[PDB]
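The structure under discussion appears below in the form of structure tokens.
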Amino acid sequence: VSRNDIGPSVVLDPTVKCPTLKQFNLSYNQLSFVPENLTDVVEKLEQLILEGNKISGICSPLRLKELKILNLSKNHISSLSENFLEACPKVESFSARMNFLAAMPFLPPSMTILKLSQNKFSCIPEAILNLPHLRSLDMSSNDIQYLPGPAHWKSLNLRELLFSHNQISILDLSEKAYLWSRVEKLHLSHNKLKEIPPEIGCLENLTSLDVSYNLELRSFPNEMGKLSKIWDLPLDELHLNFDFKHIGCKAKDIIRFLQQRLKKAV
């Protein structure tokens with residue numbers, strides 16, 4: 001039930017048990033608060049979707065037992081209670097986009113996918129840097145300043161890291177690079193980056209690197225020639241060291257030229 005005009009106060013009857021329900025789509029309707037009696041009616045619920053609504057206040061404790069896909073994007077919500085996800089030990093793909101959010105209250109250790117773009121995050125919360133099983137993270141279009149290095153992440157299964165439309169001064173990677181050897185995507189567009197550290201050559205599994213739209217980079221390092229898996233590499237609106245975009249320069253032979261330059265630089 002996902003495009004109707006379901007008015008606020010969508011309280012469920014506490015006298016009915018529906019353990020068969022698995023997916024409960026309540027998105028886009030009108031909701032101002034999360035349904036009150038979820039934990040006593042739809043006990044075996046798996047996916048709860050509430051995007052596009054107008055949920056405002058701090059959410060209910062939500063002690064439902066078997067969440068796997070939670071979606072609270074496109075709301076008008078300021079902050080979450082400190083015990084929001086404490087009693088949902090199987091959450092995997094929490095996502096909260098287009099929300100006036102600031103901090104993350106103790107995500108469960110079973111989290112895998114986490115999308116948090118279009119939120120007013122002054123700095124990346126510490127609760128994300130100690131998730132033991134995180135796989136992808138998307139915090140684009142936020143006003144964060146410092147990106148922590150790969151020795152502060154406590155997770156060996158990073159695969160995507162999207163941070164476009166930010167203002168990150170540095171791309172600190174010389175600390176311990178090999179921990180991010182699993183990373184497949186890395187988007188640093190629209191940031192204030194001036195130079196790429198040479199240690200980016202260690203991330204041998206990179207598949208989609210984006211550092212375009214910086215207006216201050218003006219250079220690439222020679223170590224990037226070891227990033228054989230790259231197939232796309234945007235160079236939109238920034239002046240490089242050579243004239244390009246005549247008939248080729250399709251982001252695959254440029255890395256070949258970079259590797260050859262790394263072989264001998266005369």
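Chain lettering (A, B, ...) mirrors the order of the structure tokens, residue numbering begins at 1 for each chain separately, and ligand numbering begins at 1 in order of display.
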Check: Among segment 22-233 of chain A, which residues carry a DSSP assignment of strand (DSSP E), reported as a PyMOL selection string?
Finding: chain A and resi 23-25+47-49+69-71+113-115+136-138+160-162+185-187+208-210
Check: Neighbours of segment 130-144 of chain A within 10 Å (only C-alpha atoms; same-chain residues fewer than 2 positions away dropped), as a PyMOL selection string?
Finding: chain A and resi 92-93+95-98+106-128+146-147+152-169+182-191
Next item on the list: Identify, on the basis of only C-alpha atoms, every residue whose closest approach to residue 76 of chain A does not exceed 10 Å; exclude the query and any residue fewer than 3 positions from it along the same chain; express the result as a ChimeraX atom specification.
Entry: /A:32,52-57,72-73,79,98-101
Next item on the list: Would you list the contacts of segment 64-71 of chain A as a list in words, taking every protein, DNA or RNA residue within 9 Å and counting only C-alpha atoms, but skipping same-chain residues closer than 6 positions in sequence?
Entry: residues 27, 38, 39, 40, 42, 43, 44, 45, 46, 47, 48, 49, 50, 51, 87, 88, 89, 90, 91, 92, 93, 94, 95, 96 and 97 of chain A
Using only N, CA and C atoms, please write the residues we just selected to a file, as an mmCIF file, in the first residue's frame.
```
data_model
loop_
_atom_site.group_PDB
_atom_site.id
_atom_site.type_symbol
_atom_site.label_atom_id
_atom_site.label_comp_id
_atom_site.auth_asym_id
_atom_site.auth_seq_id
_atom_site.Cartn_x
_atom_site.Cartn_y
_atom_site.Cartn_z
ATOM 1 N N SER A 27 4.903 3.195 1.878
ATOM 2 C CA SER A 27 5.634 4.370 1.431
ATOM 3 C C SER A 27 4.706 5.413 0.815
ATOM 4 N N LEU A 38 3.512 -2.376 15.410
ATOM 5 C CA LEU A 38 4.179 -3.292 14.488
ATOM 6 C C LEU A 38 4.679 -4.540 15.203
ATOM 7 N N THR A 39 5.242 -4.376 16.400
ATOM 8 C CA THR A 39 5.867 -5.496 17.090
ATOM 9 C C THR A 39 4.867 -6.512 17.625
ATOM 10 N N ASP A 40 3.579 -6.176 17.676
ATOM 11 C CA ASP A 40 2.573 -7.057 18.254
ATOM 12 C C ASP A 40 1.604 -7.637 17.233
ATOM 13 N N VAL A 42 2.622 -7.942 13.313
ATOM 14 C CA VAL A 42 3.266 -8.450 12.106
ATOM 15 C C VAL A 42 4.626 -9.034 12.462
ATOM 16 N N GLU A 43 4.703 -9.671 13.639
ATOM 17 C CA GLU A 43 5.911 -10.155 14.310
ATOM 18 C C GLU A 43 7.017 -10.661 13.388
ATOM 19 N N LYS A 44 6.659 -11.451 12.376
ATOM 20 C CA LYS A 44 7.634 -12.025 11.455
ATOM 21 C C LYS A 44 7.896 -11.137 10.241
ATOM 22 N N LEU A 45 7.686 -9.826 10.365
ATOM 23 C CA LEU A 45 7.933 -8.905 9.263
ATOM 24 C C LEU A 45 9.408 -8.916 8.878
ATOM 25 N N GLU A 46 9.668 -8.746 7.585
ATOM 26 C CA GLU A 46 11.023 -8.725 7.048
ATOM 27 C C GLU A 46 11.419 -7.364 6.500
ATOM 28 N N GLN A 47 10.628 -6.801 5.590
ATOM 29 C CA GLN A 47 10.926 -5.514 4.980
ATOM 30 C C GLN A 47 9.850 -4.509 5.359
ATOM 31 N N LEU A 48 10.276 -3.373 5.907
ATOM 32 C CA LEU A 48 9.391 -2.259 6.219
ATOM 33 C C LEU A 48 9.836 -1.048 5.415
ATOM 34 N N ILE A 49 8.926 -0.499 4.614
ATOM 35 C CA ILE A 49 9.229 0.607 3.715
ATOM 36 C C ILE A 49 8.316 1.769 4.072
ATOM 37 N N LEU A 50 8.912 2.931 4.348
ATOM 38 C CA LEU A 50 8.156 4.106 4.763
ATOM 39 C C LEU A 50 8.673 5.368 4.088
ATOM 40 N N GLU A 51 9.197 5.250 2.873
ATOM 41 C CA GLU A 51 9.771 6.412 2.219
ATOM 42 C C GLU A 51 8.683 7.341 1.691
ATOM 43 N N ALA A 87 16.981 -3.739 18.988
ATOM 44 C CA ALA A 87 16.295 -5.023 19.067
ATOM 45 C C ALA A 87 15.912 -5.561 17.691
ATOM 46 N N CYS A 88 16.707 -5.253 16.669
ATOM 47 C CA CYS A 88 16.522 -5.796 15.322
ATOM 48 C C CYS A 88 17.850 -6.373 14.854
ATOM 49 N N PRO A 89 18.212 -7.566 15.326
ATOM 50 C CA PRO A 89 19.574 -8.075 15.130
ATOM 51 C C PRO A 89 19.873 -8.609 13.736
ATOM 52 N N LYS A 90 19.023 -8.373 12.730
ATOM 53 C CA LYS A 90 19.295 -8.880 11.388
ATOM 54 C C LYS A 90 19.142 -7.818 10.303
ATOM 55 N N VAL A 91 19.163 -6.531 10.665
ATOM 56 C CA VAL A 91 19.038 -5.473 9.667
ATOM 57 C C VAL A 91 20.216 -5.524 8.702
ATOM 58 N N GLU A 92 19.938 -5.299 7.422
ATOM 59 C CA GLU A 92 20.984 -5.406 6.412
ATOM 60 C C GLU A 92 21.119 -4.173 5.531
ATOM 61 N N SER A 93 20.019 -3.497 5.207
ATOM 62 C CA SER A 93 20.039 -2.458 4.179
ATOM 63 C C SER A 93 19.281 -1.211 4.626
ATOM 64 N N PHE A 94 19.592 -0.718 5.826
ATOM 65 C CA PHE A 94 19.031 0.545 6.294
ATOM 66 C C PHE A 94 19.368 1.665 5.314
ATOM 67 N N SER A 95 18.378 2.503 5.015
ATOM 68 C CA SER A 95 18.580 3.624 4.104
ATOM 69 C C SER A 95 17.733 4.805 4.555
ATOM 70 N N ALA A 96 18.367 5.970 4.702
ATOM 71 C CA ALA A 96 17.679 7.190 5.134
ATOM 72 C C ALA A 96 18.215 8.356 4.302
ATOM 73 N N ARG A 97 17.539 8.647 3.195
ATOM 74 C CA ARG A 97 17.931 9.718 2.293
ATOM 75 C C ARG A 97 16.984 10.903 2.440
#
```
Residues at most 12 Å from residue 242 of chain A, counting only C-alpha atoms, excluding those fewer than 4 positions away in the same chain, as a PDB file with C-alpha atoms, in the first residue's frame?
```pdb
ATOM      1  CA  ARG A 218      45.003  19.269 -12.367  1.00  0.00           C
ATOM      2  CA  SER A 219      47.116  16.094 -12.028  1.00  0.00           C
ATOM      3  CA  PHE A 220      47.079  12.307 -11.656  1.00  0.00           C
ATOM      4  CA  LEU A 238      38.741  19.742 -15.232  1.00  0.00           C
ATOM      5  CA  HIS A 246      39.463  14.575 -29.712  1.00  0.00           C
ATOM      6  CA  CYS A 249      40.557   9.076 -24.419  1.00  0.00           C
ATOM      7  CA  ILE A 254      44.621   6.679 -20.360  1.00  0.00           C
ATOM      8  CA  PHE A 257      49.529   5.651 -20.910  1.00  0.00           C
TER       9      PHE A 257
END
```
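Shortest separation to residue 214 of chain A among A:256, A:194, A:63, A:250 occurs at residue A:194, atoms counted being only C-alpha atoms.
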Note to self: Please compute the atom CA of residue 58 of chain A-atom CA of residue 80 of chain A distance, one decimal, in Å.
What the structure shows: 5.0 Å
Notebook entry, point to check: Interatomic distance between atom CA of residue 265 of chain A and atom CA of residue 229 of chain A?
Noted result: 23.2 Å
Next item on the list: Could you please determine the separation between atom CA of residue 4 of chain A and atom CA of residue 29 of chain A in Å, to one decimal place?
Entry: 5.4 Å
Next item on the list: Using only C-alpha atoms, find the one residue out of A:200, A:11, A:77, A:6 that sits nearest to residue 36 of chain A.
Entry: A:11
Check: Which residue, A:104, A:151, A:1, A:206, has the smallest gap to residue 228 of chain A when you use only C-alpha atoms?
Finding: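 Going through A:104, A:151, A:1, A:206 one by one, the smallest distance to residue 228 of chain A is for A:206.
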Item checked: residue 9 of chain A environment, 8 Å, only C-alpha atoms, sequence neighbours closer than 5 positions dropped, as number ranges by chain -> A: 31-33, 35
Using only N, CA, C and O atoms, please write the residues we just selected to a file, as a PDB file, in the first residue's frame.
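Dumped to out13.pdb:
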```pdb
ATOM      1  N   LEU A  31       2.138   9.540   6.138  1.00  0.00           N
ATOM      2  CA  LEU A  31       2.345   9.191   7.541  1.00  0.00           C
ATOM      3  C   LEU A  31       3.173  10.232   8.281  1.00  0.00           C
ATOM      4  O   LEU A  31       4.202  10.693   7.782  1.00  0.00           O
ATOM      5  N   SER A  32       2.720  10.598   9.480  1.00  0.00           N
ATOM      6  CA  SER A  32       3.479  11.475  10.359  1.00  0.00           C
ATOM      7  C   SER A  32       4.212  10.727  11.462  1.00  0.00           C
ATOM      8  O   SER A  32       5.217  11.236  11.971  1.00  0.00           O
ATOM      9  N   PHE A  33       3.740   9.542  11.842  1.00  0.00           N
ATOM     10  CA  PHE A  33       4.439   8.675  12.777  1.00  0.00           C
ATOM     11  C   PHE A  33       4.462   7.257  12.227  1.00  0.00           C
ATOM     12  O   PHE A  33       3.603   6.869  11.431  1.00  0.00           O
ATOM     13  N   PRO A  35       3.837   3.346  12.229  1.00  0.00           N
ATOM     14  CA  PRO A  35       2.741   2.570  12.828  1.00  0.00           C
ATOM     15  C   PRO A  35       3.102   2.038  14.210  1.00  0.00           C
ATOM     16  O   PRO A  35       4.200   1.522  14.430  1.00  0.00           O
TER      17      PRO A  35
END
```
Next item on the list: Within segment 190-224 of chain A, find each residue whose DSSP state, derived from the backbone, is helix (DSSP H, G or I), and express the selection as a list in words.
Entry: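 Here are the helix (DSSP H, G or I) residues of segment 190-224 of chain A: residues 198, 199, 200, 201, 202, 223 and 224 of chain A.
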Note to self: Using only C-alpha atoms, which protein or nucleic acid residues come within 12 Å of residue 261 of chain A? Drop anything in the same chain fewer than 6 positions from it, and give the result as JSON, numbers by chain.
What the structure shows: {"A": [220, 221, 222, 223, 224, 225, 226, 254, 255]}
